[PDB]
Amino acid sequence: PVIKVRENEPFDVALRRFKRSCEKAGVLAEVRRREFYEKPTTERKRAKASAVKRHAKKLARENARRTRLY
Amino acid sequence: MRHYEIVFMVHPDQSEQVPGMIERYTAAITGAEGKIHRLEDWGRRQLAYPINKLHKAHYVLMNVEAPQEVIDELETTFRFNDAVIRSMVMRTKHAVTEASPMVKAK
Amino acid sequence: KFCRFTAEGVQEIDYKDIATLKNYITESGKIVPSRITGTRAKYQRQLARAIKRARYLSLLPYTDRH
Amino acid sequence: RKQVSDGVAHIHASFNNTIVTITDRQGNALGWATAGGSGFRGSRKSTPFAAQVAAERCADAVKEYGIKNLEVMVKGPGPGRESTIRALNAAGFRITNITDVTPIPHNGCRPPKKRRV
RNA sequence: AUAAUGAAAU
RNA sequence: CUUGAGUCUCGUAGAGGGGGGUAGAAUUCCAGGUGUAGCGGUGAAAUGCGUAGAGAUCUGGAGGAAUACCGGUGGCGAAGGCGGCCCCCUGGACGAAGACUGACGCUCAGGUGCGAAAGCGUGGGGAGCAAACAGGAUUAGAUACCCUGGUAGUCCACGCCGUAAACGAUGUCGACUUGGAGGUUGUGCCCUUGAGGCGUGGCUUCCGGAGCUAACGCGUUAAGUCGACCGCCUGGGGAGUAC
């Protein structure tokens, strides 16, 4: 995330550009997840749980639009 | 015999020996019933990150067909020479004779 | 999803082609996921191989701060 | 002293403290201030207000060198990334650049074990 | 933040 | 005799196995420059480090462990398991069109091999973190959970041990029996509208019909309908213990 202040450019715009670039790069997430060690079992379990939850939510929301609430 | 692609890089302040190097290696390959399919000399280029406090390396590319003992000896020469700072040897499926993207838009 | 390599019928991705390889890395030097660019799996794998070869030969960077 | 007119501000922002150090363009230090040494202790040491106060004090402690232009480098995840930059702009310098240099390993060493409390 | 225990029957 | 089982010819995808080189990010330590009172840690603290100049910032060097992004209900392996890049040696699977042998097959008591982590023997290596151990704290006590330190081990070569919720808690082989939506890897044809349709193989995820089941549920990758061979059970404790 490298930001160069352009001519005539105010300071708030540059600051917001900095924040947006860092959000796109995603450094805070990496730093937070590398703080403690995680076992391979826990890693695999988290991945599977996320996939199952996402699939089920998609199915439920796609099948919930065939009923009338009132 | 198999088909190989070779790339090597040279110190910027020793660019006056590259033609002699090319001649010597080509002679070594051709003396053992080998062939040379493509040869290219790219000149000096800016590096993407420094190597040993340097930028601006000199690049050479070759595409050949030869036995394995010759390639082994060539690698040994690269290892023990001090003008060469990096090198790569790869295997190919067929001979390559077309032109590279570096001799079409440089 | 649209794939340029499949559309043009390519055999290899040519680690020497910096112009093509530039379209698949971010401003930090990271490889871009396939679900954003719409490539196929075969060609995504070939592409990662090519980018790593270029990184070693020093035609591409590893990170934006060296 | 010797005038400089061009400097770099380094911000070190952890989950427990903030450190600000102003330097010339070759890495030679001129002054520093920290959040824990500005009247704050414990829970109040890790808040954006403390980081702001530290930025003000660091700006003051280098007024004899006559600095005009400043680059900014930020390193760390803690609270204090933005308050410091705002305070430096307010103090009256001109910001020319902003860079992030937080270090990330390409799979090196084993971290400590998870806390169970 | 931590933070214990309750005879057997009807 | 050729339909089960095999051999030959052309290709394709893959973290399948063994050996040797090499690259970039980051941690720790060692020697220098600038600079001056705090750093580190917790729910709150203090043991610890610091004017004998720490922490912060810049430059040079040493060492050994792991490979961000790609990366996914993705791939390969009999299971255990396998992930940076390049070279050498090597095992299996699958598809198209032909040729060849002629039941050469399935299962398997005793037998023999392979087999995560921890542990054991001899010789090396040791950033990071970590049983045992020492000191802050918390508490009625705290041989704990939290904090500051820390060695066996974790790494390499050769040899032992033979066990795990070693799990799909579901032995191996063959045949038959309505459907829908996806993933990955081969191959044939074309109305011709050169960018799209129509077919045919191997592996794999989710839902669900008849039937089955004590129920939960399984459902062409069966726990449905059948055939061939093997292993195992017979109330709870004592006990997978004693001799």
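Each chain gets a letter, A, B and so on, in the order the sequences are listed, and its residues count up from 1.
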Rounded distance in Å - NZ (A/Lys45) to P (F/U73): 18 Å
Protein proximity profile, nucleotides 130-156 of chain F - base contact B, sugar-phosphate-only contact S, no contact -, cut-off 4.0 Å on heavy atoms: SS-------------SSS---------
C/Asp64/C/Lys30 salt bridge by N-O under 4.0 Å criterion: no
Under 4.0 Å protein heavy-atom contact, by nucleotide of nucleotides 181-188 of chain F - B base, S sugar-phosphate only: ----SS--
G-U wobble or Watson-Crick pairing nucleotide for F/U241 (cut-off 3.5 Å, both distances): none
Any residue meeting side chain to side chain donor-acceptor pair (under 3.5 Å) with D/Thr21, in chain and number order, not counting sequence neighbours: none
Aromatic centroids of D/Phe93 and D/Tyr65 separated by under 6.0 Å: no
Separation of F/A68 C1' from C/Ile51 CD1 (nearest whole Å): 15 Å
Paired nucleotide for F/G74 [Watson-Crick or G-U wobble; both distances under 3.5 Å]: none
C1'-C2'-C3'-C4' sign verdict for the sugar of F/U170, north or south: south
Touch class at under 4.0 angstrom, heavy-atom based, for B/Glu75 against every strand present: nothing
Any residue of residues 20-44 of chain A with a heavy atom less than 4.0 Å from an atom of RNA chain F: A/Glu30, A/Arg34
side-chain hydrogen bond (donor to acceptor under 3.5 Å, both in side chains) assessment of D/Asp100 paired with D/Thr102: CA-CA 6 Å; D/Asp100 196 278; D/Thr102 305; 3.1 Å; yes
F/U27 pairs with, by Watson-Crick or G-U criteria that keep both distances under 3.5 Å: none
Base pair F/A157/F/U122 (Watson-Crick or G-U, both distances under 3.5 Å): yes
Give me, pair by pair, the N or O atoms of the protein and of nucleotides 115-117 of chain F that are less than 3.5 Å apart, along with how far apart they are.
none

Sugar-phosphate, base or nothing in reach of D/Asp24, heavy atoms under 4.0 Å: nothing
Stacked pair F/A166/F/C167, ring centres under 5.5 Å, planes under 30°: no
Sugar of F/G53, sorted north or south by the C1'-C2'-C3'-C4' dihedral sign: south
Six-ring stack, F/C206 vs F/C207, 5.5 Å / 30 deg cutoffs: yes
Residue pairs passing the salt bridge (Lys or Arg N to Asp or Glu O under 4.0 Å) test where at least one lies in residues 90-106 of chain B, sequence neighbours excluded: none
C/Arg53 side chain near F/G84 phosphate (N/O to OP1/OP2, under 4.0 Å): no
Base-pair map of RNA chain E as dot-bracket, where | denotes pairing with a different strand and pairs are Watson-Crick or G-U under 3.5 Å: ..........
F/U154 - base-pair partner by Watson-Crick or wobble geometry, distances under 3.5 Å: F/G128
Results of salt bridge (charged side-chain N to carboxylate O under 4.0 Å, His left out) for B/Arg86 - residues two or more places apart only: none
Identity of whatever pairs with F/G196 - Watson-Crick or G-U, under 3.5 angstrom: F/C190
List, with names and distances, any nitrogen or oxygen atoms from the protein found under 3.5 Å away from nitrogen or oxygen atoms belonging to nucleotides 192-197 of chain F.
none

Letter per nucleotide, 5' to 3', of nucleotides 55-60 of chain F [B base touched, S only sugar-phosphate touched, - untouched; heavy atoms, 4.0 Å]: BSBS-S
Path from C/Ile31 to C/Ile13 over hydrophobic side-chain contacts below 4.5 Å: yes
Spacing of C/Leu60 atom CG relative to F/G84 atom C1', expressed in whole Å: 16 Å
Short side-chain N/O contact to F/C88 OP1/OP2 from B/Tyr4, under 4.0 Å: yes
Rounded distance [0.5 Å steps], CD1 in C/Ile18 versus CG in C/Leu60: 5.0 Å
C/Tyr56/B/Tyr49 under ring pair (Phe, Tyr, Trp, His ring centres under 6.0 Å): CA gap, chis, key distance, verdict: CA-CA 10 Å; C/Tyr56 172 78; B/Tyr49 48 91; 9.4 Å; no
Step-by-step side-chain hydrogen bond (donor to acceptor under 3.5 Å, both in side chains) determination, C/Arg40 to C/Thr6: CA-CA 8 Å; C/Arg40 309 208 314 158; C/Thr6 301; 3.3 Å; yes
Identity of whatever pairs with F/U220 - Watson-Crick or G-U, under 3.5 angstrom: none
Sugar-phosphate only, base, or nothing, as touched by C/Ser34 at under 4.0 Å among non-hydrogen atoms: sugar-phosphate
Check ion pair A/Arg17-A/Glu9 (N to O, under 4.0 angstrom): yes
Side chains of D/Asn69 and D/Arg94 in contact at under 4.5 Å (non-hydrogen atoms): yes
Flag, side chain of A/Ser21 to backbone of A/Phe18, donor-acceptor distance under 3.5 Å: no
Same apolar cluster: D/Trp32 and D/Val62, side chain cutoff 4.5 Å: no
B/S/- contact track for nucleotides 20-32 of chain F, protein heavy atom under 4.0 Å: -SSSBBS------
Watson-Crick or G-U wobble pair, F/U148 with F/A134, both distances under 3.5 Å: yes
Strand partner of F/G50, provided both Watson-Crick or wobble distances fall under 3.5 Å: none
is_stacked(F/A222, F/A223) at 5.5 Å centroid, 30° plane limits: no
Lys/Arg cation over aromatic C/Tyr15: C/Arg49, 6.0 Å, 45° cone: no
Pucker family (sign of torsion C1'-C2'-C3'-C4'), F/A181: north
Pairing between F/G121 and F/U170, Watson-Crick or wobble, both under 3.5 Å: no
Watson-Crick or G-U pairing of F/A223 with F/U177, both H-bond distances under 3.5 Å: no
Distance-only side-chain donor-acceptor flag, B/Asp41 / B/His58, under 3.5 Å: yes
For F/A239, the sugar region implied by its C1'-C2'-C3'-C4' torsion sign: south
Watson-Crick or G-U wobble pair, F/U172 with F/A103, both distances under 3.5 Å: no
Enclosure of B/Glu33 CD (heavy-atom neighbours >12, cutoff 6.0 Å): no
B/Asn52 atom CG, neighbour heavy-atom count above 12 within 6.0 Å: no
B/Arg2 side-chain N/O to F/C88 phosphate OP1/OP2 under 4.0 Å: yes
Residue pairs passing the ring-ring contact (aromatic ring centres under 6.0 Å, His included) test where at least one lies in residues 67-106 of chain B, sequence neighbours excluded: B/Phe8-B/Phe78, B/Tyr25-B/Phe78
Spacing between D/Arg44 atom CZ and F/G43 atom P, to the nearest angstrom: 17 Å
Stacked pair F/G141/F/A142, ring centres under 5.5 Å, planes under 30°: no
Pucker family that the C1'-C2'-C3'-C4' torsion assigns to F/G71: south
Stack test, strand neighbours F/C145 and F/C146, 5.5 Å, 30°: no
F/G231 pairs with, by Watson-Crick or G-U criteria that keep both distances under 3.5 Å: none
